[PDB]
Amino acid sequence: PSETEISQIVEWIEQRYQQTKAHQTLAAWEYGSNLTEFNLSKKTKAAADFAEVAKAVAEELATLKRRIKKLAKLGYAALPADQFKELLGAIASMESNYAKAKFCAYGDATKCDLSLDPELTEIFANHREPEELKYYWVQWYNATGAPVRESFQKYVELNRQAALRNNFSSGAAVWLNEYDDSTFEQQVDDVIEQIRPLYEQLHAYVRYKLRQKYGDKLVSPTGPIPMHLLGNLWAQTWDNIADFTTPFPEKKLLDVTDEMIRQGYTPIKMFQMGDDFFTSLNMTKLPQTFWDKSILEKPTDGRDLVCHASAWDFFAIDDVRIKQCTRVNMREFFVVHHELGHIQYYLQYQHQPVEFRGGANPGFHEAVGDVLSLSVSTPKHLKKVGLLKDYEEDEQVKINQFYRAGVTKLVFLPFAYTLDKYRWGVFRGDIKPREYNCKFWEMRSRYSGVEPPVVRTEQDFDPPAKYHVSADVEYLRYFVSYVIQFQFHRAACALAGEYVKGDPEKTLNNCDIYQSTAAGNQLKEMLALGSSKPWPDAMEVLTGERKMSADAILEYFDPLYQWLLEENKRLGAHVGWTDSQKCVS
Ligand SMILES: *[C@@H]1O[C@H](CO)[C@@H](O[C@@H]2O[C@H](CO)[C@@H](O[C@@H]3O[C@H](CO)[C@@H](O)[C@H](O)[C@@H]3O)[C@H](O)[C@H]2NC(C)=O)[C@H](O)[C@H]1NC(C)=O
Ligand SMILES: O=C(O)[C@@H]1C[C@@H](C2CCCCC2)CN1C(=O)CP(=O)(O)CCCCc1ccccc1
Ligand SMILES: [Zn+2]
């Protein structure tokens, strides 16, 4: 047979394999927004009904050769139907336990309807009572972590079996194989080192001021930071305390909260301003199928659902939905853009076959939305839209401008790095089950300098307390994002004439790229490829480079770096930390 002959058959397998994706995807959405035993029994069926399809599509099998092997990645479909159900069953048992968790208020046993979103999320983000933050910290982990230890161990062994039947060493080889570059696990390690001098200086700064506020008894000047004081359950972002520990408080903030309240903001209003951005870039306009079938507010009926913001692609055409329990605050506003970046990416490669209907690599997907967040963060873009007015950006302000960006986005790179670095150690057998917990906190202490609020033990199993852990969702994507999103932001700040390496008062940190079609067109082209071309090619269409480069982000925070170096010295603050003793064996 000729080239077209083999291609004439794949297209017949493209659709047949693409329909059961939507069936399995739609059934996954039902259980995603309506946690019911009935919906779980239907999600796993469409999955099993799908695995039967992928299993058969494999044996039945330049662009061509890619498809013949890009459509056969079983994933977990290599296991027998009984083990396939057993794997997804253990996973859902963790995600279910994660989204259904409810808690009793601190000091009130009669009120026991508190949930992660909104109560717990906003308690940590705004309460400055240590004993309270600690109480909710233990309650959250003892409820979402250890109770699913047994289900997790089952999920691991089957994830490893699937990796073997797919011809791989362990689960780690799978997630890494997604980036298709044996020299990538080492690339990441290199970038973290390039970031360590900056993060530690910022870490020391935060710790000292956290010691100012709460006192020395609660914050050791030489030990890791109690993570429950960083305004976030997982300490992945410290934005919720940026104002609480700001360099110069007698300055203008960038909360953009009350001015969202004053101007009567609604969850739908926010998403509109997001659609308003992509359109200005000559990109896709948010369709109506999204306005209808999406969930942009926590349902006030009482069902059980996964409030963890997400964006879905049911394949087919133009059916894009976002499930986010939105609230009125600046933090949520950026969460929207991250989800919209996922929706946009769907609309760009929807004209591709089922194989190439995905981002170049997991990093691109997560990065898209945050790239706009970089421009929105700027006062320039916030000043255009009333949210930000009378903002006399001084030199100090630009420090707070660089500071917030650090405690918000910089501290997240070490966090995202440790997550997958740990799971890889569990898949590769480097972490025995008898030491699951204290090896996790050992990494969190080493690479982020934060420790639990109370002494944990191996009886506890805290990793599942993170959504992505209980849901089996790779997190390195979020790390790669925070590295490439500055490269994209760079090549997008240059095509909008908003960045020239050296530009004094036209900084790469104040680069607002609204109404830039040239940047959009080039962005549309990269997203259009999806998984059609290797990610180096997609990497080049927009950035011009073909490798992940920390030069962008390193240039972003260098102004903050120089102020921390000079400031930590004067403040007489300690840098670095001793090992954490908050986990015993
Ligand atoms: C969350 O999922 C559950 C599934 O366990 C949904 O229950 C289902 O609700 C629909 C109606 O929304 C039921 O269909 C109805 O059947 C009656 C006859 O009994 C018919 O007259 C109605 O026109 C409608 O077709 C369905 O039977 C029911 N399934 C089960 C197993 O109870 C629930 O509605 C979902 N929640 C939300 C908020 O969507
Ligand atoms: O909160 C977190 O932990 C991270 C970081 C944060 C992000 C946006 C705000 C600014 C900081 C970075 C938000 N988020 C997300 O995972 C949101 P998603 O759309 O990727 C959610 C991706 C998971 C999709 C899924 C759902 C069900 C089954 C399988 C897969
Ligand atoms: Zn994402």
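The first residue of the sequence shown is numbered 1, and numbering continues consecutively from there. One-based numbering, in listed order, for ligands and for the atoms of each.
Closest heavy-atom approach to atom 22 (C) of ligand 2 among the candidates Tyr478, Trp312, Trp29: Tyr478. Comparing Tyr475, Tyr31, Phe333, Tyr482 by heavy-atom distance to atom 4 (C) of ligand 2, the nearest is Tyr475.
A donor-acceptor pair shorter than 3.5 Å can be found between the side chains of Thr245 and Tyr403.
For the Zn ion (ligand 3), the count of nearby protein N/O/S atoms, taking only those under 2.8 Å, is 3.
Geometrically, ligand 1 and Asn34 share a nitrogen or oxygen pair separated by less than 3.5 Å. The shortest N or O to N or O distance between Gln236 and ligand 2 is below 3.5 Å. Any N or O atom pair closer than 3.5 Å counts here, and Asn39 shares at least one such pair with ligand 1. For ligand 2, one of its N or O atoms has an N or O atom of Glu366 under 3.5 Å away.
Judged by the shortest distance from any of its heavy atoms, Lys409 lies outside the 4.0 Å radius around the atoms of ligand 2. For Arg331, the closest heavy-atom approach to ligand 2 does not fall below 4.0 Å. Ligand 2 lies within reach of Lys466, whose nearest heavy atom is under 4.0 Å from it. Residue contact annotation: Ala309 has a non-hydrogen atom under 4.0 Å from ligand 2. Put simply, no part of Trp234 is less than 4.0 Å from ligand 2, judged by heavy atoms. At least one heavy atom of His468 lies less than 4.0 angstrom from ligand 2.
For atom 2 (C) of ligand 2, a protein heavy-atom neighbour is found at a distance under 4.0 Å.
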